[PDB]
Amino acid sequence: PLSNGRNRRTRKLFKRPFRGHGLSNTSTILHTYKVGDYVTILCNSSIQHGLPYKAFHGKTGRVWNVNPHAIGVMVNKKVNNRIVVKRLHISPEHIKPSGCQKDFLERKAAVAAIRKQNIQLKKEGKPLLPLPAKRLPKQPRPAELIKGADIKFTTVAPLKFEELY
Amino acid sequence: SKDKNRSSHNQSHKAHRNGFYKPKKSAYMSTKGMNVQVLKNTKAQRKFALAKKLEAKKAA
Amino acid sequence: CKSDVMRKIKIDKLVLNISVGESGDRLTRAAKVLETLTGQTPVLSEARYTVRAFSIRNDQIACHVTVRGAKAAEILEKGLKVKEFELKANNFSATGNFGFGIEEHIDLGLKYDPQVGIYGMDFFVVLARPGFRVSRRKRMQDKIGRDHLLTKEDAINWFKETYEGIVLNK
Amino acid sequence: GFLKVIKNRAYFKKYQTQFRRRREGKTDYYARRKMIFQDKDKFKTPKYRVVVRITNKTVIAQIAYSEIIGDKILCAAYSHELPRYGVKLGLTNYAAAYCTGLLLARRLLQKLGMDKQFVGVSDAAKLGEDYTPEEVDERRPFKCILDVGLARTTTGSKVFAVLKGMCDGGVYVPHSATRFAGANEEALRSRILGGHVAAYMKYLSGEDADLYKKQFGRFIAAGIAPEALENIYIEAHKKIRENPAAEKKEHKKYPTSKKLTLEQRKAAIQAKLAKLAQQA
RNA sequence: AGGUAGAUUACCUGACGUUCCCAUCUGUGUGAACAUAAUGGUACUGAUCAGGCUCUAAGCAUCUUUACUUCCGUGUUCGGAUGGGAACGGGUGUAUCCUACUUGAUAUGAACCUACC
RNA sequence: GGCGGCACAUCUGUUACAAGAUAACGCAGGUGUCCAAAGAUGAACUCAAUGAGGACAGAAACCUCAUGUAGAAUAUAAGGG
RNA sequence: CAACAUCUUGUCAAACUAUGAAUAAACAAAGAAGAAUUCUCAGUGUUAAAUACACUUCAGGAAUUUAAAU
């Protein structure tokens, strides 16, 4: 039976990383957040002022407003049988840029490089390039032939039991 | 007459009969509490654009 | 052009400390003699932890002062004069410093009144080299190299070369 | 015998080193992160700092704005280039610190082209009174922040001599004139023009010839009288507000040790092992 | 090659020794004024007679440490599943996920802006 | 049921099951305060402990050097910083 | 012989921990309304000044391409 404190059950959650105490990097306060970005809430116990509630720890949210010192973040919270929208205002020390769209932005960039080539190619009248193939779950690999010149065989059989004492 | 205190039994089955009601799109587009200067710039342009739109209507 | 000039040992600090167990009367006079001896106001040191055996926390107990430069060298000679340049080999620390004690302050014995009284003193001398500032400066404060730092025998040789003092094994 | 050495491996496995520059004793990260923090709603708009560092022989002044990749220097000015403007000796005076601050202000405004409307003060009679650049038409002056570093800010420190030169050059650096050489004007003015240097010069002349020749040896060889300093810094100021725009080979390298490859390193142990085999 | 400002915050730390300094930096001389303290030691300011002795920087070592790789080991544990075996205790088989400590080999920094060489 | 206790308002660690929630008259403890400074800010400094030295002075008084990742201190319970 | 250091050994922690799974939690995989590009482009403000940047139905307006993105 725990208590109803604001920071209950935080012996391990709010502990600093091993050999990671003291000041934070200057990239945390220098990184520029724009409205619409994706950020991850990461409570920093070393800064007691403005510490976000521990339930929002590790939640990926979107930036909805940028203030002189605080970055508004919009995350989803689960209630009895519904989902509500929580709007916060955290200092940059307690957040971190999110890489949730890291690979998506490579596929957005690759299709734009092809499209920029296609418009030019149509200007010269030459046939245009095809769009990149979509990602697929690991497909059944096709048949193949193995050259036996550089192939060695090792027999596999159950092993005689050997005592570990 | 001691009674059972609490149980989470059957609670998840109840919460999913009518599943988690996601918020609508308009929930994410609220603007209350935005930056003060940003709201001032946006209001200034919306007033300027409306007046230009209205004088054409009055012109025709 | 040899760099031995930057390895010359010099006395950079001499500390005279008078430790009396009572506040007032004795401490006022003890500070007075140290001021007359050197020429600067000493400080009044307060106890760190109370000890009922010695009848002493916040009470001011002792007085001490440090002199540097030509004044430090002169007063050391007077302190060694009464000691007759007789220093045991154990008086020297492993860090290259040393010290000794004085039972009667010579000063002025003509008008030696019971008001002034007789106070004993202890001399402690801190040696150094040109280049020791690298550990005391405010910006980029570092550690002096091990070879640059003094040793017990290095201090002893300095004593036996600038004052012709002997060192005993008794 | 007894060691109880607290340097064992159990001590190092838990050790946490400081930031490299703080570990070197060159940067106060608790105050640096305050001079760096641009407002979050001013996206990527630089926050400029005047980085004033005085070595034993040079007054380094820089204008820097911070980025994640590093600190970028918009402009710089040193006191070793003062000989171009007529000041040949005493490059770390309160007087030379003013020239370095003035030179960097005029060098910067020349770069941005905004030096024709922002001129500051020029006459020598107003060197001692407070001046802060103001709005010209409706264009604000170039605002900068004074970064002092690990230097105590006393009431006569030279880091504010540079700031006074910057403000006199027309570049706005917020301040208060309670730490200048004055804090009236002529007391401040004299130190700006080397009055404190050209009174030790005369004082020592009367007292001792040995001390005078020991402290101002290169001044005597240069022929600088204890009266020329006042006019020298006036001319240097005049020659700075007319051409601050910097200036324009091969550098001779000197390699130091170079590393040992795995082959050389392994052969050293094998040879030493062979020596240990025959020696023992 | 060196200095100023940094970003990564030990591949950057620590111990033992070692190499230049031509510029630069440092240590270095002084106390008159701004300023400073019990002390010109610090901080402040004025300077250039000397020096690579320390700092700094570069490298050395079957170096502690730290950082990647393999191995440890598909061994610990685990999600799913019997009218499977056992009096219990606990532990199979099936479709699966798969650590850690240790040990061995390697590395001991990369990189951004400005000035000078 | 009574007697006993407060699990009745309330905090920390643990049971507790690496999101959130979370039982027992489960375990180990805590609150009904204290503070014109123990609030705000600027500056300077570095702590516990250990070794080696110094008249009385010794195991414990005061002074100096070296090592010292916090092993000190932070009003209070415990856990965080 | 203590004791103190230093090197091994045997066995442990719900209120010890460097390391740390499996199962899980919360994102993204194209809705100011299915993309993109080009040209033109205004109101405020940040800014030293901006043609940069921020917000304004990715202010707005016009052309071409386009239904693609486990």
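Residues numbered from 1 in each chain as written, not as in the entry; some residues may be left out. Chains lettered and ligands numbered in written order. Part of a larger assembly, values for the part shown. Heavy atoms only, no water.

The deposited coordinates, according to the entry record, derive from cryo-EM at 3 Å resolution.

(A) Up close: the protein's contact with RNA strand F. Around RNA strand F, a shell composed of 60 residues is seen, among which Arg8 of chain A, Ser19 and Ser45 of chain C together with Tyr11 and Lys14 of chain D lie nearest. When atoms of RNA strand F within 4 Å of the protein are split into backbone and base, the sugar-phosphate part holds 65%. Contacts to RNA strand F include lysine 13 of chain C, whose side-chain N or O atom sits 2.8 Å from a phosphate oxygen. Between a sugar or linking oxygen of RNA strand F and a side-chain N or O atom of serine 93 of chain C, the distance comes to 3.4 Å. For the surface near RNA strand F, the elements supplying multiple residues, two or more each, are β1 (10-19), β3 (60-67), β5 (98-102) and β6 (121-128) of chain C. The element that contributes the greatest number of residues to the surface near RNA strand F is β6 of chain C, accounting for five residues. Its residues assigned to classes, the surface near RNA strand F comprises 18 nonpolar, 24 polar and 18 charged. (Near = heavy atom within 4 Å. Polar contact = N/O pair within 3.5 Å; in protein donor to acceptor, adjacent residues only side chain to side chain. Helix = DSSP H or I, 4+ residues; strand = E, 2+ residues; numbered from the N terminus. Nonpolar A, V, L, I, M, F, W, Y, C, P; charged D, E, K, R; others polar.)

(B) Spatial organisation of helix α4 (residues 94-112) of chain D. Residues and elements named next belong to chain D. If you check α4, its first and last C-alpha atoms are 28 Å apart, about what 19 residues at 1.5 Å a residue would give, namely 27 Å. Burial of α4 is extensive: 16 of the 19 residues sit out of reach of the surface. Count one or two residues on from α4 and you reach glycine 113, which has phi positive near 80 degrees. (Expected span 1.5 Å × (residues − 1). Buried < 20%, exposed > 50% of the residue type's maximum accessible area, 1.4 Å probe, protein only.)

(C) Inspection of the sheet that holds strand β2 (residues 59-66) of chain D at higher detail. All names here are of chain D. Here we have four strands laid out as an open sheet, ordered β3-β2-β1-β4, and mixed in their pairing. Two strands bound the open sheet, and with one partner strand each, they are β3 (71-77) and β4 (145-147). Between one strand and the next, the sheet's axes are offset by a mean angle of 30 degrees, whatever the strand orientation. When strand β1 (residues 49-54) meets β2, the two strands line up antiparallel, connected through six bridges. Of the residues in β2, the one forming a bridge with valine 51 is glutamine 62. Contacts from helix α3 (residues 29-36) reach β1, β2, β3 and β4, with the element oriented near 165 degrees to β4. (Pairing = 2+ DSSP bridges. Axes fitted to C-alpha atoms, helices over the stretch in contact; angles between N-to-C directions. Contact = heavy atoms within 4.5 Å.)

(D) A look at the interface of chain A and chain B. The interface is formed by 16 residues belonging to chain A together with 14 residues belonging to chain B. Carbon and sulfur atoms supply 56% of the area buried between chain A and chain B, which totals about 1100 Å² over both sides. Looking at the side of chain A facing chain B, the largest losses of area belong to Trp64, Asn81 and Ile83 of chain A, adding up to 39% of the total buried there. Across the contact surface, chain A and chain B share zero salt bridges. At the boundary of chain A and chain B, one finds seven residue pairs in polar contact. Of all the elements in the fold, those that place two or more residues in the side of chain A that touches chain B are β2 (60-66), β3 (71-78) and β4 (83-90) of chain A. (Buried area = accessible area lost by both parts, 1.4 Å probe. Salt bridge = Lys/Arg side-chain N within 4 Å of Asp/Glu carboxyl O.)

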